[PDB]
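As structure tokens, the structure follows; a few thoughts come after it.
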There are 4 protein chains.
Amino acid sequence: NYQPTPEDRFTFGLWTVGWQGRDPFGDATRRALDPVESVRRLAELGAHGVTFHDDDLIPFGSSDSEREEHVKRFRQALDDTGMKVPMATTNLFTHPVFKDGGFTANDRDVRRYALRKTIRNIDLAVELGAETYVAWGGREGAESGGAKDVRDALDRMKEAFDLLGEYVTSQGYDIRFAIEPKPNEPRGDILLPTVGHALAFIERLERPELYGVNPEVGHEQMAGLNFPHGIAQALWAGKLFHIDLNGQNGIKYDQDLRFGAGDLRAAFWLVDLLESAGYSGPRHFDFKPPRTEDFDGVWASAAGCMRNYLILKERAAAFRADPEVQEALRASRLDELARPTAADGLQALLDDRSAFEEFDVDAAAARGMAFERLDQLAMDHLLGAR
Amino acid sequence: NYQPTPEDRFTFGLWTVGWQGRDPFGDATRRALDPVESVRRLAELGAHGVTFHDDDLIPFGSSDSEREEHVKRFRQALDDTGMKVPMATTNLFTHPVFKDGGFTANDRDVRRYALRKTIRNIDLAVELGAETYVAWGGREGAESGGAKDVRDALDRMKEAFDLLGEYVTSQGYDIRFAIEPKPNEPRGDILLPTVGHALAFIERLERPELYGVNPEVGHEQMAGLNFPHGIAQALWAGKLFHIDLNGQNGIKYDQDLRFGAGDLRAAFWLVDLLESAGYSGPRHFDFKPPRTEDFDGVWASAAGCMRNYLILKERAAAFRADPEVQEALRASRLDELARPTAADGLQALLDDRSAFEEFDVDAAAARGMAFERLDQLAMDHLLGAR
Amino acid sequence: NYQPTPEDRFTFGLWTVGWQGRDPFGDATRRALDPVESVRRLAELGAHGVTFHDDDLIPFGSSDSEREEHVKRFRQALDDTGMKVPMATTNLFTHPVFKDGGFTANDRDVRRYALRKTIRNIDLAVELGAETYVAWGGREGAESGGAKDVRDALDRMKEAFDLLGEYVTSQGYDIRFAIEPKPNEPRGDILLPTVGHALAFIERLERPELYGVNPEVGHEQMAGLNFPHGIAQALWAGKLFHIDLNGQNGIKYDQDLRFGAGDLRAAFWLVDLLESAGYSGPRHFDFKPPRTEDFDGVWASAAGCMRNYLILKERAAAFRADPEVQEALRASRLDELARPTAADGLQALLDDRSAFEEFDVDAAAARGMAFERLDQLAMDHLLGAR
Amino acid sequence: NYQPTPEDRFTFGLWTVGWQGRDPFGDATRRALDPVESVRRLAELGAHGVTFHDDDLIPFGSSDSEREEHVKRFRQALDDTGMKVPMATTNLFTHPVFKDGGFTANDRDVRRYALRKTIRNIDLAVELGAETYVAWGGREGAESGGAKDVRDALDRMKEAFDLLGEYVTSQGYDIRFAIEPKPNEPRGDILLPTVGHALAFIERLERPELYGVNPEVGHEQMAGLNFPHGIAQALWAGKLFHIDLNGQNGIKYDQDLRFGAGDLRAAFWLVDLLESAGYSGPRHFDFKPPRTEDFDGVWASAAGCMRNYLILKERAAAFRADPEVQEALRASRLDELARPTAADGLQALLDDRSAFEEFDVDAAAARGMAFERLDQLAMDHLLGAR
Ligand SMILES: OC[C@H]1O[C@@H](O)[C@H](O)[C@@H](O)[C@@H]1O
Ligand SMILES: OC[C@H]1O[C@@H](O)[C@H](O)[C@@H](O)[C@@H]1O
Ligand SMILES: OC[C@H]1O[C@@H](O)[C@H](O)[C@@H](O)[C@@H]1O
Ligand SMILES: OC[C@H]1O[C@@H](O)[C@H](O)[C@@H](O)[C@@H]1O
Ligand SMILES: [Mg+2]
Ligand SMILES: [Mg+2]
Ligand SMILES: [Mg+2]
Ligand SMILES: [Mg+2]
Ligand SMILES: [Mn+2]
Ligand SMILES: [Mn+2]
Ligand SMILES: [Mn+2]
Ligand SMILES: [Mn+2]
């Protein structure tokens, strides 16, 4: 039952199953994973491919020699499995040099360094087949109000992403960028804290068509926002280039639970949206097997990410396919929602007396929305109780 | 001390000092205010002007006759005081007809009604001198996931705001629009939940130059976001057409405390930003005197809004003017933040070996940001302890 | 399927299905319900009984005459249905007189009034069969720090509940009290904000055995707390006298969605706990049919409360009954958790060298908890995917 | 100005100024501190003393030999400075062995190990002068609902703290225990998540008089609770044995900013309470100099903790001492709050017709609380604007 296959486009970061378990209050509980072993174990679980930070694949400060061997091993692992690399990203957060950010560090030389580090990995990403290069500004932010002039920092961020856009256009690369928003942690407040903020920022960039969002379930939920809604806005904008899936129990530290845990109902409405909107990008899991687990639990947890998506996909598909649900949708006027409000135009609307002077407001007010019955149908389907 | 004057551009909604105290669990504790009395009492407190929902000024369902007398009284009150009306807005939330929204109700006739109601008040707003017409989609949203197709709802919202833009362009009006974001309440999740989401949405509108944001201190804080940061992003985008000021104690129901209460430090960093960025629009207070107060407390609470802004303005101005602070700002490299990261261009950056190959990363990493000393200087100033 | 029967002990407040839909930003969308009609419609849905605030049953300021007719009608409705009244409570929040609280108002005469109002309804509750009298201090609190001396207010609250305890002991009543915690709303912060705070407070009361908690799913979740955990602590303390069930989507205004909505997984772990711990009190639904609904949706929403509990009860029972789950429970050492840590006593523990000097820490550290596999089994069961 | 002296009873954990800056997404930015250097630098800043986890002072797995030298060096540093050690605690969270908790690990041998580790450090704490031994159950909890039977875990926690109580009674030690609550992180939900929960739990212990709370500003605020209120409840209960001070910006990861940052107004109301209630225990700072800082910033940040307390203490003292404030307090009936509600007893209250039958409810309802004017006086004082 619910066995993932490569056509489900499930991908995992190297840093996910590879997470060693060091948290703010704790030492590592698992040994470091050879990226080659992760490629194989993930392929045996049915995954479509893998993603990486530069520093996951090539340890920081590697010689050109050692860099080459690390890439070669990895490429060989991709060969014998067919594993794809749809996305890659830069580690602009771990090293002490980035303690005040990468692209928006107050120190200018750190900003130039960040760009060179990113540009080097773009090349590697493009060679491996990456279609999206993700930017997560984990360190772009502040704990205190005087430490960052946010308008100047937005200048520096626009200038960085404008340079990366100019670079990929000069190389004729096909790769596109996706900003991964996060509201906070490890900075007190992170710039571009939500999907909305990243989407707005992209529109001031020089080549906005090159940039989209990589939203993460848990990150929007850390601001208490509705992740299915934010995704619909990203899709509405045409900017859902990529997506990070995982679990989060409300507003607290970034948990990165396996997808399906955390807000289960939101997970259902999310899968329902991706599937019914025809999202065709990677279903990427940016999660962490809890440090309570050993390696067996790491792989069970990763298997759980895909299984929960597949179960949810089946419940949503049956929900939409149900005639009582289709009848409930009309009863709640979801079909009227898709109708243009005034396709007769402004002037016709201004003269329409049934739109104001003769609008029976109390009759329209007394029409129940029948939202609760529709939602119990969704609940019944989610729980298999139909 | 700290006495507000009209040049401080402090404005209040009729619905603020006029709030009667009915909350979800409680009946009203104060009698309804005559809008004329509010105009006068606010002018006697030093306010610049007032704002209104249509339904604050003209009770719902008024005859053309009674509408005229309500407007005439109001206009006379503005005459004898000089009170301005910089902003007006539509009540698309109180009446039962809007229980599923205005511009994005599933019922199409309610959507057309909402537009006619808005368009009627636009005319009145323009006649009274309003420069901004605010849209707050309080009812645009859902409590459950199946009740609203968010992409279709975004279609309906874009079509509504496109029609309002077409209307004001046809009348040659000067007024501009400002979306007032709110993440939730009274809907479980409200569309365009934050400043970011509203800014992004505006860029898909047909005449984006006509639309900006009216951010509210408390609303961004209900998503746990940094209001001074979101404001800097709005200013960076050129979209801070208007601003709502008040207090909020973290993530919970919309409190609308008087400005200064709630997150005091955020209030300081906010005033510091508006003043140093040269914001020149209204300092509008969308707050509610707590229902524990009588009319004396209503007016003391409103006076508190302006007083706290003025005290904070003086502390921030002294903070910036302090030489130790200017020295602390350089010590934290805030001046380096304003410098272009790579004004020598992409190619020069690619060949700069001091940007990567010869970048001493450990030396840059060991340079402390001196952020804590700068913040204690800000704290010392805020508390008058210098 | 999943049809509730009186033996399921489902109860509803009069104020739940009877909620008219007035919220902070909105007028009522439904007409007021005759309490008699609610008793009948709820009995036809399979409910065990009803609960009430005094002011739900007898309108405020009723003559002794009119009070009598309202009680008589109600008692007749209970007769022809067999509906029980397991719990009643006082409205110490709606009337303007309680704007600063009931038992902890700063005004002493309001405090004495609150007690008389409560004591009058205790009598009525006891006559109707109530076993629990619930106290919700909705108005006990403050928006600002100087407005309430919290230690003095705790004195006044202890003195109130001590008087109610002295009253029920003098009348020889069997009824017991249950404090219903809420962290905020409509006050900025409410005293005894969580289950923990109420449990602690009870231990300083004069007859602690008379007092327990009435925890509400949504209220603990408004503080971001784990409701199943808090319930286990209440059960552990022997104080789960009663329970309020409903849905809440994280930290925001009190939503009071129907049980099952909001945090579905928490709902599952809750039902799993009540059932496996043998809770035998009322399954009380303190929810609100969203104001988008008409009367048909009110009753569908109420039916949804019971249906979701019953579905969840079946999933949890099957989860516990599953041999793979019982094997997973042992694999995660849940059975070792029930074992006394040192039943050999302090001295034996002090001399046990396998407890410290010869404890192989790295071997114990390398034993995975197998928590993820256990949780996917729970997920599989919840979703019917076994 | 505002220079701390030992009589201010300011203490710091070794792990605070000693925090190296490793966070979930980042490597350390500062070198490890010699505990001896920290004792001296803190004494030069005016601190009263220091606190430690066992593993801060003696590195894990130290020989009896090396343990002795580490303790000897430390004791010598305390000698030449006069620095006190008022509190010590056990590290039951860092080592991988504690990944599922200490006292409530599912593995029984880990639970016995935890107790032996705690008991060993109790001895050392008592020898150094510690009056409070703090328990922080950082790892007591779960990420998923099936992983922890919370009632069994409460059994194991009561049995652990009962054994520690039996141990200190057998040795005739004077030291008392203080539970340090935290709602979450690093576990998804931590047992005894708030002050309320810990206070309640203490009352089921065998010798409750030996146990109090060590509340942390930021931890209650991570549940969105009012820290000054929770402290008043702890004081009301007689259980404020100790207190952790720091800053937190709302509901998010545990920030541990320096005291004064985060919720400044709450900091003011906190100092106002500790001082006016006559708290005489340590003012302990459990904070972390942000990893952006070098060693100069570490010490400036620590100096900021004490300075902000001292500034706030002066503002609160002047607030209380102000005659307009004392007049405002009476105007808001804070003096009536301290009066017994019904010292005439139950029967007199039952017969008092001015308490119900002849209570003019509308007159009492129309008396404003004058809370806003009182709060602006507090604000004016806090900002030095009087
Ligand atoms: O940089 C991209 C990735 O970095 C990871 O370390 C973080 O956990 C993710 O939030 C992000 O997707
Ligand atoms: O519609 C504009 C205004 O409506 C008011 O009722 C709400 O309180 C505000 O959020 C908003 O500024
Ligand atoms: O007073 C008891 C009840 O009052 C109701 O109005 C509130 O909604 C509930 O929180 C509470 O259970
Ligand atoms: O164990 C006591 C201390 O441990 C520290 O590591 C944590 O940061 C604190 O929350 C706690 O006060
Ligand atoms: Mg991510
Ligand atoms: Mg507003
Ligand atoms: Mg309730
Ligand atoms: Mg602590
Ligand atoms: Mn994450
Ligand atoms: Mn608001
Ligand atoms: Mn509720
Ligand atoms: Mn902390």
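Chain labels A, B, ... are given in the sequence in which chains occur in the structure tokens; within each chain residues are numbered consecutively from 1, and ligands are likewise numbered from 1 in the order shown.
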Closest contacts (chain D/chain B, max 6 Å, only C-alpha atoms) as a tab-separated table:
```
residue	atom	partner	partner_atom	distance
D:250	CA	B:250	CA	6.0
D:292	CA	B:369	CA	5.5
D:293	CA	B:368	CA	4.6
D:294	CA	B:368	CA	4.4
D:297	CA	B:370	CA	5.7
D:301	CA	B:372	CA	5.6
D:368	CA	B:294	CA	4.4
D:369	CA	B:293	CA	5.5
D:370	CA	B:297	CA	5.7
D:372	CA	B:301	CA	5.6
D:383	CA	B:383	CA	4.6
D:384	CA	B:384	CA	5.4
```
Let's have the selection written as an mmCIF file, in the first residue's frame, with N, CA and C atoms.
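The result, stored in selection_38.cif:
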```
data_model
loop_
_atom_site.group_PDB
_atom_site.id
_atom_site.type_symbol
_atom_site.label_atom_id
_atom_site.label_comp_id
_atom_site.auth_asym_id
_atom_site.auth_seq_id
_atom_site.Cartn_x
_atom_site.Cartn_y
_atom_site.Cartn_z
ATOM 1 N N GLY D 250 8.305 37.434 22.139
ATOM 2 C CA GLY D 250 7.107 36.708 21.787
ATOM 3 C C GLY D 250 7.342 35.224 21.561
ATOM 4 N N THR D 292 26.615 36.957 17.363
ATOM 5 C CA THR D 292 27.219 38.032 16.593
ATOM 6 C C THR D 292 28.323 38.743 17.358
ATOM 7 N N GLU D 293 28.399 38.560 18.675
ATOM 8 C CA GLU D 293 29.303 39.325 19.526
ATOM 9 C C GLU D 293 30.630 38.604 19.735
ATOM 10 N N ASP D 294 31.668 39.389 19.979
ATOM 11 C CA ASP D 294 32.934 38.841 20.438
ATOM 12 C C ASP D 294 32.948 38.923 21.969
ATOM 13 N N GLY D 297 31.659 42.133 23.524
ATOM 14 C CA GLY D 297 30.205 42.217 23.523
ATOM 15 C C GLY D 297 29.539 41.299 24.533
ATOM 16 N N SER D 301 27.042 42.855 27.101
ATOM 17 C CA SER D 301 25.700 42.290 27.187
ATOM 18 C C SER D 301 25.354 41.910 28.625
ATOM 19 N N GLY D 368 -16.337 54.259 35.458
ATOM 20 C CA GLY D 368 -15.143 53.905 34.707
ATOM 21 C C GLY D 368 -14.008 53.445 35.605
ATOM 22 N N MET D 369 -13.165 52.550 35.082
ATOM 23 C CA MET D 369 -12.063 52.033 35.893
ATOM 24 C C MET D 369 -10.851 52.961 35.918
ATOM 25 N N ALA D 370 -10.791 53.947 35.011
ATOM 26 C CA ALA D 370 -9.683 54.905 34.930
ATOM 27 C C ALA D 370 -8.331 54.199 34.782
ATOM 28 N N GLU D 372 -6.735 53.532 31.928
ATOM 29 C CA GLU D 372 -5.888 54.107 30.889
ATOM 30 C C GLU D 372 -5.038 55.252 31.441
ATOM 31 N N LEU D 383 9.391 55.916 30.735
ATOM 32 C CA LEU D 383 10.137 56.654 29.728
ATOM 33 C C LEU D 383 10.802 57.892 30.280
ATOM 34 N N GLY D 384 10.713 58.122 31.584
ATOM 35 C CA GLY D 384 11.326 59.299 32.158
ATOM 36 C C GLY D 384 10.649 60.594 31.795
#
```
TODO: Grab me every residue within 10 Å of ligand 3, counting only C-alpha atoms and all ligand atoms, and send it over as a PyMOL selection string.
DONE: (chain B and resi 24-26) or (chain C and resi 13-16+19+51-54+56+87-94+133-138+179-182+185+214-216+218-219+243-245+254-256+284-288)
Task: Contact residues around region 107-110 of chain B with only C-alpha atoms at 8 Å, ignoring same-chain residues under 2 positions, as an NGL selection string - done: (:A and (333 or 336-337 or 339-341 or 355 or 364)) or (:B and (97-98 or 102-103 or 105 or 112-114))
Write out, as an mmCIF file, in the first residue's frame, the residues just selected, with N, CA and C atoms.
```cif
data_model
loop_
_atom_site.group_PDB
_atom_site.id
_atom_site.type_symbol
_atom_site.label_atom_id
_atom_site.label_comp_id
_atom_site.auth_asym_id
_atom_site.auth_seq_id
_atom_site.Cartn_x
_atom_site.Cartn_y
_atom_site.Cartn_z
ATOM 1 N N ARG A 333 -21.674 27.395 -2.878
ATOM 2 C CA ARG A 333 -21.447 28.373 -3.955
ATOM 3 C C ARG A 333 -19.978 28.512 -4.340
ATOM 4 N N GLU A 336 -19.954 29.612 -7.881
ATOM 5 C CA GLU A 336 -20.195 31.040 -8.045
ATOM 6 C C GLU A 336 -18.936 31.861 -7.776
ATOM 7 N N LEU A 337 -18.025 31.330 -6.956
ATOM 8 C CA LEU A 337 -16.785 32.035 -6.673
ATOM 9 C C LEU A 337 -15.920 32.168 -7.921
ATOM 10 N N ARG A 339 -16.964 32.670 -10.868
ATOM 11 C CA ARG A 339 -17.597 33.544 -11.854
ATOM 12 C C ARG A 339 -17.094 34.971 -11.733
ATOM 13 N N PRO A 340 -16.824 35.640 -12.851
ATOM 14 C CA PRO A 340 -16.467 37.061 -12.793
ATOM 15 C C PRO A 340 -17.527 37.882 -12.071
ATOM 16 N N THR A 341 -17.070 38.767 -11.185
ATOM 17 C CA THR A 341 -18.007 39.541 -10.376
ATOM 18 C C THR A 341 -18.815 40.505 -11.227
ATOM 19 N N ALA A 355 -27.819 45.434 -7.975
ATOM 20 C CA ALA A 355 -26.560 45.445 -7.242
ATOM 21 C C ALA A 355 -26.573 46.377 -6.040
ATOM 22 N N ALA A 364 -30.218 37.778 1.044
ATOM 23 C CA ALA A 364 -28.870 37.263 0.827
ATOM 24 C C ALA A 364 -28.199 36.930 2.153
ATOM 25 N N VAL B 97 -24.926 40.359 5.766
ATOM 26 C CA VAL B 97 -24.802 40.017 4.356
ATOM 27 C C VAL B 97 -23.353 39.703 3.992
ATOM 28 N N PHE B 98 -22.394 40.272 4.721
ATOM 29 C CA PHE B 98 -20.982 40.073 4.424
ATOM 30 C C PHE B 98 -20.369 38.913 5.201
ATOM 31 N N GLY B 102 -16.810 40.427 1.418
ATOM 32 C CA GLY B 102 -17.339 41.411 0.486
ATOM 33 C C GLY B 102 -16.885 41.116 -0.929
ATOM 34 N N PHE B 103 -15.688 41.590 -1.276
ATOM 35 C CA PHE B 103 -15.183 41.383 -2.623
ATOM 36 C C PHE B 103 -14.972 39.915 -2.958
ATOM 37 N N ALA B 105 -16.860 37.190 -1.331
ATOM 38 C CA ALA B 105 -17.982 36.320 -0.997
ATOM 39 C C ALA B 105 -18.179 35.277 -2.091
ATOM 40 N N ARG B 112 -21.006 42.052 -6.029
ATOM 41 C CA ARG B 112 -21.398 43.260 -6.755
ATOM 42 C C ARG B 112 -21.922 44.324 -5.798
ATOM 43 N N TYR B 113 -22.700 43.908 -4.795
ATOM 44 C CA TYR B 113 -23.159 44.832 -3.764
ATOM 45 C C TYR B 113 -21.987 45.502 -3.045
ATOM 46 N N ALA B 114 -20.998 44.709 -2.606
ATOM 47 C CA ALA B 114 -19.809 45.253 -1.949
ATOM 48 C C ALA B 114 -19.155 46.358 -2.778
#
```
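Of all the residues in region 148-375 of chain A, the ones DSSP labels as strand (DSSP E) from the backbone are residues 176, 177, 178, 179, 189, 190, 211, 212, 213, 244, 245, 283, 284 and 285 of chain A.
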Restricted to N, CA, C and O atoms, what would the selected residues look like written as a short mmCIF file (atom, residue, chain, number, x, y, z; two decimals), in the first residue's frame?
```cif
data_model
loop_
_atom_site.label_atom_id
_atom_site.label_comp_id
_atom_site.auth_asym_id
_atom_site.auth_seq_id
_atom_site.Cartn_x
_atom_site.Cartn_y
_atom_site.Cartn_z
N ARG A 176 16.53 28.42 -12.42
CA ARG A 176 15.79 29.53 -11.84
C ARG A 176 15.99 29.53 -10.32
O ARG A 176 16.41 28.53 -9.73
N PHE A 177 15.71 30.67 -9.71
CA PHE A 177 15.91 30.86 -8.28
C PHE A 177 14.59 30.76 -7.52
O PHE A 177 13.52 31.10 -8.04
N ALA A 178 14.66 30.28 -6.27
CA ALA A 178 13.50 30.25 -5.38
C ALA A 178 13.91 30.68 -3.98
O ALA A 178 14.74 30.02 -3.35
N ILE A 179 13.34 31.78 -3.50
CA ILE A 179 13.59 32.26 -2.15
C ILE A 179 12.82 31.39 -1.16
O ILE A 179 11.62 31.18 -1.32
N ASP A 189 14.50 38.00 13.98
CA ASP A 189 13.56 38.18 12.87
C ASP A 189 14.35 38.07 11.58
O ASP A 189 15.40 38.69 11.44
N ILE A 190 13.85 37.27 10.64
CA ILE A 190 14.52 37.08 9.36
C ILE A 190 13.83 37.95 8.32
O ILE A 190 12.60 38.08 8.31
N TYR A 211 12.71 34.39 -10.74
CA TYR A 211 12.67 34.14 -9.30
C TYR A 211 11.28 33.73 -8.87
O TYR A 211 10.28 34.32 -9.31
N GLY A 212 11.22 32.70 -8.02
CA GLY A 212 9.99 32.24 -7.43
C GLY A 212 10.18 31.96 -5.95
O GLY A 212 11.17 32.41 -5.37
N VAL A 213 9.27 31.23 -5.33
CA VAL A 213 9.39 30.93 -3.91
C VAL A 213 9.58 29.43 -3.73
O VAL A 213 9.11 28.62 -4.53
N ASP A 244 8.88 22.95 0.03
CA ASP A 244 9.40 22.15 1.14
C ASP A 244 8.26 21.68 2.02
O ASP A 244 7.49 22.50 2.53
N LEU A 245 8.22 20.38 2.26
CA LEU A 245 7.17 19.70 2.99
C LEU A 245 7.73 19.12 4.27
O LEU A 245 8.84 18.58 4.29
N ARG A 283 8.30 17.26 -4.90
CA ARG A 283 7.73 17.19 -3.56
C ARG A 283 8.91 16.95 -2.63
O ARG A 283 9.32 15.82 -2.36
N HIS A 284 9.48 18.04 -2.14
CA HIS A 284 10.75 18.00 -1.44
C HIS A 284 10.49 18.01 0.05
O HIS A 284 9.64 18.77 0.54
N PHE A 285 11.19 17.13 0.78
CA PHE A 285 11.02 16.98 2.22
C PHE A 285 12.24 17.58 2.91
O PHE A 285 13.36 17.05 2.80
#
```
TODO: Would you list, as a PyMOL selection string, the residues of region 215-355 of chain D that end up in helix (DSSP H, G or I) under DSSP run on this structure's backbone?
DONE: chain D and resi 217-222+227-237+264-276+295-321+323-331+334-337+345-351+353-355
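Picture a line from CA of residue 96 (chain B) to CA of residue 27 (chain C); it runs 6.0 Å.
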Residues within 8 Å of residue 269 (chain C), only C-alpha atoms, excluding chain neighbours under 4 positions, as an mmCIF file with N, CA and C atoms, in the first residue's frame:
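Writing the result to around04.cif gives the following:
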```
data_model
loop_
_atom_site.group_PDB
_atom_site.id
_atom_site.type_symbol
_atom_site.label_atom_id
_atom_site.label_comp_id
_atom_site.auth_asym_id
_atom_site.auth_seq_id
_atom_site.Cartn_x
_atom_site.Cartn_y
_atom_site.Cartn_z
ATOM 1 N N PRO C 228 -3.704 17.256 25.122
ATOM 2 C CA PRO C 228 -3.600 15.900 25.692
ATOM 3 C C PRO C 228 -2.659 15.785 26.890
ATOM 4 N N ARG C 265 -4.830 15.883 14.934
ATOM 5 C CA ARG C 265 -3.989 14.897 15.617
ATOM 6 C C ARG C 265 -4.093 15.023 17.128
ATOM 7 N N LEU C 273 -6.655 9.285 25.050
ATOM 8 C CA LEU C 273 -6.387 9.391 26.479
ATOM 9 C C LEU C 273 -7.660 9.261 27.312
ATOM 10 N N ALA C 316 -8.636 5.296 17.637
ATOM 11 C CA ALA C 316 -7.723 5.093 18.759
ATOM 12 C C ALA C 316 -7.843 3.680 19.317
ATOM 13 N N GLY D 145 2.621 11.860 20.023
ATOM 14 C CA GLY D 145 1.693 11.610 21.116
ATOM 15 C C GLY D 145 1.821 10.235 21.725
ATOM 16 N N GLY D 146 2.219 9.245 20.927
ATOM 17 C CA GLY D 146 2.362 7.914 21.463
ATOM 18 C C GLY D 146 3.659 7.665 22.177
#
```
TODO: Provide the CA of residue 322 (chain B) to CA of residue 278 (chain B) distance in Å, to one decimal place.
DONE: 19.2 Å
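Here CA of residue 227 (chain A) is placed at a distance of 19.1 Å from CA of residue 201 (chain A).
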- [ ] Name all residues at most 9 Å from residue 152 (chain B) (count only C-alpha atoms; drop same-chain ones fewer than 2 positions away) and give them as an NGL selection string.
- [x] (:A and (236 or 334 or 337-339)) or (:B and (104 or 148-150 or 154-157))
